[PDB]
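So the chains spell out like this:
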Amino acid sequence: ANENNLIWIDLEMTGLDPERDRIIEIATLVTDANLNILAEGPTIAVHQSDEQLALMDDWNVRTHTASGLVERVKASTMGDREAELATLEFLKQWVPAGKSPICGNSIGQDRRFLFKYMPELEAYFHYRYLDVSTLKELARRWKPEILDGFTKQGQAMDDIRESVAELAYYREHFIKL
Amino acid sequence: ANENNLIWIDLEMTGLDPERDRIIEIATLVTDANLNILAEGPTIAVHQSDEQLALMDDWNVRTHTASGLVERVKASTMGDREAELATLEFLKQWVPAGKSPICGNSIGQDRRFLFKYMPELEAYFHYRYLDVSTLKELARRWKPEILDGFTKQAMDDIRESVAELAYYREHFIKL
Ligand SMILES: [Mg+2]
Ligand SMILES: [Mg+2]
Ligand code: NA
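Rules and cut-offs
Residues numbered from 1 in each chain as written, not as in the entry; some residues may be left out. Chains lettered and ligands numbered in written order. Heavy atoms only, no water. Donors = N, O, S within 2.8 Å, 3.2 Å for Na, K, Ca; no water. Core = buried A, V, L, I, M, F, W, Y, C linked by side-chain atoms within 4.5 Å. Buried < 20%, exposed > 50% of the residue type's maximum accessible area, 1.4 Å probe, protein only. Helix = DSSP H or I, 4+ residues; strand = E, 2+ residues; numbered from the N terminus. Contact = heavy atoms within 4.5 Å. Buried area = accessible area lost by both parts, 1.4 Å probe. Salt bridge = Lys/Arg side-chain N within 4 Å of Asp/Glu carboxyl O. Polar contact = N/O pair within 3.5 Å; in protein donor to acceptor, adjacent residues only side chain to side chain. Nonpolar A, V, L, I, M, F, W, Y, C, P; charged D, E, K, R; others polar. Axes fitted to C-alpha atoms, helices over the stretch in contact; angles between N-to-C directions. Parallel < 35°, antiparallel > 145°, perpendicular 65-115°, else oblique. Left-handed = near helix turned anticlockwise from the far one by under 90°. Pairing = 2+ DSSP bridges.

In the annotation of the PDB entry, chain B is listed under the name Oligoribonuclease and assigned to Escherichia coli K-12. Per the header of the deposited record, the title is "Crystal structure of oligoribonuclease of Escherichia coli".

The PDB entry lists chain A under the name Oligoribonuclease, with Escherichia coli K-12 given as the organism.

Put into structure tokens, the structure is as follows:
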């Protein structure tokens, strides 16, 4: 455990509305304060009912079926609470409660789903947000030149590792240390 | 009107839980892409019931009573919907729909209340977030030296947030 470590997280959901939609995937990963990847946490397909999956709009059915996530959700024996507790069992080994901001890309949406469906995991984070896309937005406005230099190869944890590498790029090319 | 303008916003709430708590203040302000303040929007006390105000924990009762916001809430004839529409009437003059990220300090909480209580104003923002406190967090971890150089009413908070982002632009970003 170290109080400067960062919790990175990436959810998949059935849609964008926490009131109607559910979490169907959680992945976590911990870095040190300098973005050295310490440990990859468990990628868990979160079981939801056939009823709930049938409410998915066409974009979500297409994406989550093609990826194999829909199959893994149907087969999963872990609901919201089991996935929450397994994620906490992983994070407790690496980061104390209330210290890491929520880190990732478009993490405001993810935190909304944590508040509704995994409030204990939500509480484990510092109140603050580290959305890498905050730096992409500023870069696009103040220094667009640097955006040509970074590329994504287009898997939850591939997205997290890409988010870490993206923050590291902004640390070298956008920040002044 | 200009596609590169930024919407800055600060809500006050009765508490932290959108399921139980309500918006009691909205303030907005628009900057250009380089943080030049173009216009201060309306600061509106959002009417909520005496029942709802009575659910406030000690921190919220102390803060919102002392500021005079509780008096203004009781006197207000603008609910969620009227405050939403008045805010949109101001923002339409300055920024097209779907262009500005939500800008401010600890703004994820505010957006949660927009989703529940002002979904039309929420939709007016780009899906993205510009939380200045994201840069404060990185600064604290990567360059704490610069935090001693900067030191800190809804709109005072927003103007302070703009000045804070401007500080990080000079002392933390490399242009
Ligand atoms: Mg994502
Ligand atoms: Mg505030
Ligand atoms: Na928290």
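Chemist: I'd like to hear about the coordination of the sodium ion (ligand 3), residue by residue, with values.
Modeler: Around the sodium ion (ligand 3), the protein supplies A:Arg111 (NH2), A:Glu122 (O) and A:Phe125 (O) as donor atoms, at distances of 2.6 to 3.2 Å. Counting along the primary sequence, the residues that act as donors to the sodium ion (ligand 3) give the motif R-x10-E-x2-F.

Chemist: Provide a residue-level description of the nonpolar core, including the pertinent values.
Modeler: For soluble globular proteins, the rule of thumb is that nonpolar side chains tend to be buried together. Residues A:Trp8, A:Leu167, A:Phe174, B:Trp8, B:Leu165 and B:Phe172 are the most contacted members of the largest nonpolar core, which totals 44 residues. For this core, the secondary-structure elements that each account for two or more residues are β1 (6–13), β2 (23–31), α7 (132–142) and α8 (156–173) of chain A together with β1 (6–13), β2 (23–31), α7 (132–142) and α8 (154–171) of chain B. Ignoring anything within four residues of it in the chain, the contact list for B:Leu165 reads A:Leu138, A:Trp142, B:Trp8, B:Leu35, B:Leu130, B:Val132 and B:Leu135.

Chemist: Could you give an account of the interface of chain B and chain A, naming the residues involved and the relevant values?
Modeler: On the chain A side, the residues contacting the 37 residues of chain B number 37 residues. Between chain B and chain A the total buried area reaches about 3400 Å² when both faces are included, carbon and sulfur atoms providing 57% of it. The interface formed by chain B and chain A holds 2 salt bridges in total. Across the salt bridge formed by B:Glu137 and A:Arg128, the nearest N and O atoms sit 2.8 Å from each other. Linking chain B to chain A there are 14 residue pairs in polar contact. Breaking the side of chain B that touches chain A down by element, the ones donating at least two residues are α5 (108–117), β6 (129–131), α7 and α8 of chain B. The biggest single contributor to the side of chain B that touches chain A is α7(B), with 9 residues. Counted by class, the side of chain B that touches chain A contains 15 nonpolar, 9 polar and 13 charged residues.

Chemist: Outline the packing of helix α5 (residues 107–117) of chain A against α5(B), supporting the account with residue identities and numerical values.
Modeler: It is at 11 Å that the axes of α5(A) and α5(B) come closest, and there the two elements cross at 70°. Classified by the interaxial angle, the pair formed by α5(A) and α5(B) is roughly perpendicular. For the pair α5(A) and α5(B), the contacting residues are A:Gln109, A:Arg112 and A:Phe115 in the first and B:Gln109, B:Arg112 and B:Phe115 in the second. Its residues assigned to classes, the contact of α5(A) with α5(B) shows 2 nonpolar, 2 polar and 2 charged.

Chemist: Can you break down the pattern of salt bridges residue by residue, with the values?
Modeler: A side chain with one charge may pair with a side chain of the opposite charge, provided their charged atoms come close. For the structure on display, the rule yields 28 salt bridges over all chains. Here A:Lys92 makes a salt bridge to A:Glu89, at a shortest N to O gap of 2.8 Å. Judged by its relative accessible area of 46%, A:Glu89 is partly exposed. With its nearest N and O atoms 3.1 Å apart, the salt bridge here joins B:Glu19 to B:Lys116. Residue B:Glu19 is found in the loop between β1 and β2, and its partner B:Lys116 is found in helix α5; the two are separated by 97 residues along the sequence. A relative accessible area of 36% places B:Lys116 in the partly exposed class.

Chemist: Describe the packing of α7(B) against α8(B), with residues and values.
Modeler: All names here are of chain B. The interhelical angle for the contact between α7 and α8, taken along N-to-C directions, is 45°, at an axis separation of 9 Å. Relative to α8, α7 is oriented oblique. By crossing handedness, the relation of α7 to α8 is classed as left-handed. Contacts between α7 and α8 involve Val 132, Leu 135 and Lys 136 from the first element and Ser 161, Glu 164, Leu 165 and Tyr 168 from the second. Partitioning the contact of α7 with α8 into residue classes produces 4 nonpolar, 1 polar and 2 charged.

Chemist: Tell me about the pairing of β1(B), residues and numbers included.
Modeler: Residue and element names in this part refer to chain B. Where burial is concerned, most of β1 is hidden: 8 out of the 8 residues are buried. Alternating residues of β1 divide into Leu 6, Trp 8, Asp 10 and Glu 12 and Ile 7, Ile 9, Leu 11 and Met 13, and every residue in both groups is buried. Of the strand pairs in this sheet, β1 and β2 are connected by 8 bridges, and their pairing is antiparallel. Bridged to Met 13 within β2 is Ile 23. Here β1 pairs with strand β5 (residues 102–104) via 2 bridges, running parallel. Bridged to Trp 8 within β5 is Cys 103.

Chemist: Quick rundown of unusual backbone geometry? Include the residues and the values.
Modeler: Residues and elements named next belong to chain B. If you check the backbone angles, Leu 35 has positive phi at about 75° while not being a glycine. Tracing the backbone shows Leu 35 in the loop between β2 and β3 (37–40). A positive phi angle is found at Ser 106, which is not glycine, with a value near 55°.

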